[PDB]
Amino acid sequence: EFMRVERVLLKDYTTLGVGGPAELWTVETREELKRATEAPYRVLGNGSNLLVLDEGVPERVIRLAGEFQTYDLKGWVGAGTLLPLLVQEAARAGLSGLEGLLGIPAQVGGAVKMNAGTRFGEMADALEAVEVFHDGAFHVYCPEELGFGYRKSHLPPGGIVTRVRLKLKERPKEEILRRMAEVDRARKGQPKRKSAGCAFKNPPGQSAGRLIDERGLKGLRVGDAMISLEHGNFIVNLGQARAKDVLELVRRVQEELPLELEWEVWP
């Protein structure tokens, strides 16, 4: 009954660095989660796939912390745990199964919601069980029950991923690290770092980054929003970008290429 609730700007809680006002509820316990979800809500993970508009959102924005950030690689892993932590912890433990998720700056819950992945593997591959809170109760699902597709899930309506069990296998630490090194090599062309990740989806048999590059769109700038000079499928925030500027740049790309956004827009 004593969870932290505060007014924030979502620009401070997204990797893109844009976003207006929201009421943030930081939940540490199952009872606090039950209370936070009594009115309309959204769940915020690491904010790495969100384009939040300058007006912000009116709903309660829930962050999972406390018990939801504790983990055991061989047991339950809280959904508020950072996926980059688990990738490194698995290597340390000689546990294979997360290597293909290197470089994805997600919380576990966000990685499940967006079935985050690379050419090497996806979040769904690494799951044994998923606890989802919906309709006022906690339920346990196998991943085959969650409607996974390419960078997609079909969670129960209003579902909050709270905890998972991972599917991992014993391998030599050095081998795990070699696999991770290939993932790192494959990601070398992405910006030395800053964004909400890939802005656009790839059309069937096409590449968004390559298409944007060939169209000469790298370097186009609206205010402080710019198509990265390093990778065509990244829009970067050069300092004080507004979401309006990012959307304008998106529209400019879409005037040239029939691309759909990979980012989710709030509200």
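In case it trips you up, residue 1 is the first one in the sequence shown, and so on.
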Between the two ranges 117 to 125 and 76 to 84, the one averaging a larger CA B factor in the entry: 117 to 125
Stretch exceeding the other in mean C-alpha B-factor - 104 to 112, 153 to 161: 153 to 161
Candidate set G47, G66, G205, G219 [ranked by C-alpha B-factor, highest]: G205
From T70, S228, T26, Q240, residue of greatest CA B-factor: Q240
CA B-factor placement of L211, once the chain's modelled residues are sorted into thirds: highest
Chain-relative CA temperature factor third for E99: lowest
Relative C-alpha B-factor of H139, binned into the chain's lowest, middle or highest third: lowest
Where the record places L51 (Cα B-factor, split into thirds across the chain): lowest
Chain-relative CA temperature factor third for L247: middle
